[PDB]
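> structure here, sequence nowhere to be found:
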């Protein structure tokens, strides 16, 4: 039983990595591109980009540990720990060539450490819509003159007593719908069917918990990255951010400038956080052209 | 019926003010002091302080509109709208003389506008544990490196779609214990028994909703205060803040210096947000001594 419909020409599969059974969807031929989803979602957020990319690349899109159909990590949820699973997964399919990496939201947190520690293995990098965990995250405001702020959820999700699981259980669809729309400029793309699919997936008790464990490990990730960041990224990099409600705006590129020597960035006016869904065509085009260089 | 036990010698009563029935507890003799509670609680937070103050003052402790046993406001939940009810209540009992004011948390929000607009009515003022709504509240962090973000709940509580009530309904007791203890230094004072009392009160549907309406009105209150603050407070004021986990620390005094000409501040070590309960002895002492500088019974 697949939680989400698989694109024609792709296969849903599993690989054990360090004793953890990871789910992924894979298709295409050529050099490998790994696409890593973020909070609230699964591999399925890439389902529109995948077939287009699969024309020139082997494409793989894993479920993060504990989310979608992937087992929880056996080590833990910090960036460095999760990054190991993702790196070894990619290397199973691209042992002899560097691969490309595209990530969204916490997908960034869970890939950065392996990128910086295995630079020769990464051909090109695309990061979208979330800060790399560092001191900058401590500057975002708790509240704004227009209402709720962008990242107050860091504190809600990091809170102990299983605060988030406990408040959200039984109200999973309701919460996710509000979270998506509060970080979207274009809410229309999210049909009740699509909301249904995402809600049922992260509503799995172990997945609901996994969702927040990534946040409970966020400060540890930050401390991890304070060390890792003494080494700059040397591969070609692109950042993408929404310019509308829910978007990171100029922040995404400006932060990346501190990490990467070779980087370009785009802000998409009229788009929020959920780039692959809110602004699929232009996001798809920028990514494809960047990787096809 | 009473949600919380009245101290010996005090009465639980109600007064209709602009069509809104406010609950209060009152006792003592002499100059009036009004004590105004904050979010998560009711008049009851003052219950250990009240008998002490009542030896020198007439003490009144109202429930904020919609909270405790007080009806919701008919006008709205912004600072200025709510302050009218409390000002008028106080003046019912002290029509011919200024009165003293002690406020905690959103009690501050709900009193500042009547204080600044009726300075002659206010003899002395004590504020503790929350910023006055102004531009400073937009500078608090959403997430911190060490400990926990103090006011991320502003966004939670103010969010659309009745986000907070919808998630918290049926889980009021769980949530309140978390909120209180996560904002406390001395968590041991929050016994399961006391927590049951507070949770039963704010779990009344209209109280749960009212709790969050104060936050939905927060930006409005900030706008109101931008105008009101063009005039500084001239009466003696004191601020208190906890120095431990959940405490505002030096922020309390530093912000107040922008609002008041005559202000002294204290930060209480090893105490968090809930001063009257976590640090009753030194907090009560500070308040009694400060109010007793002015004339009393």
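Done, it's in. Numbers count the residues shown, from 1 in each chain, chains lettered A, B, ... in the order given.
> please make it C-alpha for all contacts and neighbour counts, starting now.
OK.
> for residue A:276, give me its contacts.
For residue A:276, the contact set (Cα atoms under 8 Å, 6 or more residues apart in numbering or on different chains) comprises A:45-46, A:48-49, A:283-284.
> of those, which is the most crowded?
Across the contacts of residue A:276, neighbour numbers were computed from other Cα atoms under 10 Å in any protein chain shown; residue A:45 holds the maximum, 23 neighbours.
> need the contact partners of the helix or strand where residue A:238 lies.
Assigning secondary structure by DSSP states H and E places residue A:238 in strand A:237-242. Contacts of strand A:237-242 with the rest of the structure, by Cα under 8 Å, 6+ apart, involve A:124-129, A:247-250, A:252-253, A:256, A:260, A:262-273, A:275, A:283, A:290.
> 7 Å instead, please
Residues outside strand A:237-242 that contact it (Cα atoms under 7 Å, 6 or more residues apart in numbering or on different chains) are A:124-129, A:247-249, A:252-253, A:262-269, A:271-273, A:275.
> could you list which of these belong to strands?
Using DSSP state E, A:124-128, A:263-268 are the members of the contacts of strand A:237-242 that sit in strands.
> find the centremost residue of chain A, please.
Residue closest to the average C-alpha location in chain A (Cα atoms, centre = their mean): residue A:107, at 2.7 Å.
> gap between that one and residue A:92?
Distance, residue A:107 to residue A:92, using Cα to Cα, to the nearest Å: 19 Å.
> where exactly do the helices run in the stretch 101-250 of chain A?
Residue ranges of the helices in the stretch 101-250 of chain A, as given by DSSP state H, counting those that start in this stretch, are A:106-109, A:112-117, A:153-158, A:163-168, A:172-182, A:192-203, A:205-216, A:218-228.
> point out the most buried one among those helices.
Stretch with highest mean neighbour count among the helices of the stretch 101-250 of chain A: helix A:106-109 (a mean of 25; mean count of other Cα atoms under 10 Å in any protein chain shown).
> which residues are in contact with that one?
Contacts for helix A:106-109 (Cα under 7 Å, 6+ apart): A:36-39, A:79, A:127, A:130, A:132-133.
> list the strands paired with the strand holding residue A:238, with their directions.
Each strand paired with strand A:237-242, and its direction, by DSSP bridges: strand A:122-128 (parallel), strand A:263-268 (parallel).
> from the chain's centroid, how far away is it?
How far strand A:237-242 lies from its chain's middle: 13 Å, per Cα atoms, centre = their mean, to the nearest Å.
> what does stretch A:174-191 give?
17 Å.
> ditto for stretch A:195-213
The chain centroid and the centroid of stretch A:195-213 are separated by 15 Å under Cα atoms, centre = their mean.
> and the residue in the stretch 101-250 of chain A that chain B sits nearest to, what is it in contact with?
Of the residues in the stretch 101-250 of chain A, the one nearest chain B is residue A:142, at a distance of 3.6 Å by Cα to the nearest Cα. Listed by Cα under 7 Å, 6+ apart, the contact set of residue A:142 reads A:149, A:152, B:138, B:140-142, B:151-152, B:155.
> ok, for it, nearest residue in space, not its chain neighbours?
Once its chain neighbours are removed from consideration, residue A:142 has its nearest residue in residue B:142; the separation is 3.6 Å (Cα to Cα, 6 or more residues apart in numbering or on different chains).
> residue A:272: what's it in contact with?
Residue A:272 touches A:183-186, A:242-247, A:278, counting by Cα under 7 Å, 6+ apart.
> now neighbour count too, for those, in TSV please.
TSV is the format used below for the contacts of residue A:272 (neighbours: other Cα atoms under 10 Å in any protein chain shown):
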residue	neighbour count
A:183	20
A:184	25
A:185	23
A:186	21
A:242	28
A:243	19
A:244	19
A:245	19
A:246	23
A:247	28
A:278	21
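> the longest helix along chain A vs helix A:218-228, what angle?
Taking residue count as the measure and DSSP state H as the definition, the longest helix of chain A comes out as helix A:79-93. Between the axes of helix A:79-93 and helix A:218-228, defined by axes from the mean of the first three to the mean of the last three Cα atoms, to 10 degrees, the angle is 70 degrees.
> quick one, phi psi at residue A:33?
Summarising the backbone geometry of residue A:33 under the convention degrees, to the nearest 10, its torsions are phi -120, psi 120.
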